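Read left to right, the sequence shown gives residues 216 to 635 (the authors' numbering).
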Amino acid sequence: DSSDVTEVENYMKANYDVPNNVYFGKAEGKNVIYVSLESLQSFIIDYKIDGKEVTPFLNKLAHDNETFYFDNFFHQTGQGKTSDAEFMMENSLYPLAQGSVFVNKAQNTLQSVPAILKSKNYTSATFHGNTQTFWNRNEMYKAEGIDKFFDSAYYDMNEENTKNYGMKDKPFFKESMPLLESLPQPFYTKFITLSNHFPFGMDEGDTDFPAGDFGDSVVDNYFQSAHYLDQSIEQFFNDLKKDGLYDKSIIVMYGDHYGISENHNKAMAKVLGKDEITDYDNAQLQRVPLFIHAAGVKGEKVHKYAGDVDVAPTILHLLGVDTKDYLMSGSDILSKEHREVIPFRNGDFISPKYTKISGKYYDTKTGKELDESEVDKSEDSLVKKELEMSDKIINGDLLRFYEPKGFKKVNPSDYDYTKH
Ligand SMILES: [Mg+2]
């Protein structure tokens, strides 16, 4: 009921991390283009096989003088995987501890970014080369206020364009251009890639890259489909620059979650030149890349620890929108006060000081195991509370009882995603 909002609201305001005026509003008026980079982990950035770079385009962005790149950014997903990361981008709220929030909470009342942005006249659309029913997206996007859903009905699903879950990234990005250029501006858009999906085979000759030689074909083929993903982003960027949308936009790209689980530890230790992959090393491998190119704004390679729930306020702040009145779990990464103790969905966490995995603590810098006696419990408490506040919102559908100042309530029945 209405009184349970109070405790959550008092904590969200008691922790809000205010905006950096070096950055706040500096991208006001711009389009937003999100790209979800399927199963892409940060270890891939700058990685080479036989002296050949695996992700040369993404590497250039990582090394340029203009793009924000975050090398200590972590996925915070659970069992809803791709859609768990989408939920966090739009809501700055954690997904469910078990099962999928997209599948089970699509009737919650939400106050998403695409919905916030309506009062600034943003049209919102998702692009994805698979049916709209996948991960219950067609129900959940309506709750999120997404105006348009360009699913697989809008792509040529032939022989050579289709792999496993649907469209390959290269033709998916080509075909999305006229659809994207038809959008009244300003627009807020999501591109959900498909091609870098487990077990990571790619067809010859859709890419020319060698497979690694690590004794495991899942891991061997990862590098080939990652290289293909990288060419797709390059083409997308070239096309964004032909049509003039590159200078009119904030492009935000993120790996959605890990692609390589602990079932492949034997090969991953070879990938890393290590004897074995420990619990600690695996925690380090949950880094996913985050890139933000905000046109008109000089980006920095930022090393602050951050997670998925931090993206939405970073972006909103860049657009000049004040997030103090919203119930959001995340903290603007560009903020001076930005918190760096990063929860994982299962209650583990990572921070510059500590990595905590199944109740063990390690020194984040060195991997050295720490005994419980010498650990400051204050970080663990911050984590529990951060997760708890979010869970109260989602479990009690608390946003029915909260009205932020700008916000006009979303009516899911407004949206229709049938292709005519
Ligand atoms: Mg995924």
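A virtual CB, placed ideally from N, CA and C, is assigned to each residue, including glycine.
- Here DSSP, grouped into helix, strand and coil, assigns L505 to strand.
- Measuring C-alpha to C-alpha distances from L487 to each of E243, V223 and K263 identifies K263 as the nearest.
- Not one heavy atom of ligand 1 falls within 7 Å of the beta-carbon of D418.
- Within the region 470-541, the runs of beta strand (DSSP E) at least 3 residues long that lie entirely inside it are, in chain order, 505-509.
- Cβ contact annotation for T579 (same chain, cutoff 7 Å, sequence separation greater than five): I565, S566, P567, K568, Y569 and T570, in chain order.
- Pairing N478 with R615, the inter-Cα distance amounts to about 42 Å.
- Looking at the DSSP output, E281 shares a beta bridge with no other residue.
- Beta-bridge partners assigned by DSSP to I565: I557 and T570.
- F342 and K405 have their C-alpha atoms roughly 6 Å apart.
- Using a Cβ-Cβ distance cut-off of 8 Å, the region 314-328 and the region 273-289 are not in contact, since fewer than three pairs of beta carbons, one from each stretch, lie closer than that value.
- In this structure, the C-beta of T297 approaches ligand 1 to less than 7 Å from one of its heavy atoms.
- Boundaries of the beta strand (DSSP E) around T338: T338 to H343.
- With a minimum length of 3 residues, the unbroken runs of beta strand (DSSP E) contained wholly in the region 385-415 fall at 402-407.
- In the same chain as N235, and ignoring 5 residues on each side of it, the C-beta atoms closer than 8 Å to its own belong to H532, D547, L549, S550 and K551, in chain order.
- Nearest Cα to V517 within the set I259, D261, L276 and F283: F283.
- The residues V269, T270 and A441, in chain order, have a CB closer than 7 Å to that of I259 in the same chain once the five nearest residues on each side in sequence are set aside.
- Residue pairing of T377 in beta bridges, as defined by DSSP: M382.
- Under the three-state reduction of DSSP, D595 is assigned to helix.
- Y356 is not a Cβ neighbour of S410, given a cutoff of 8 Å.
- Per DSSP, the beta-bridge partners of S251 are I407 and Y469.
- Set against 7 Å, the gap from the CB of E253 to the closest heavy atom of ligand 1 is smaller.
- In terms of side-chain proximity, the C-beta atom of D523 is found no nearer than 7 Å to any non-hydrogen atom of ligand 1.
- In its chain, beyond the 5 residues on either side, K383, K385 and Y443 have a beta carbon closer than 8 Å to the beta carbon of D421.
- A residue is called buried when at least 16 other Cβ atoms come within 10 angstroms of its Cβ; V237 does not meet this threshold and is exposed.
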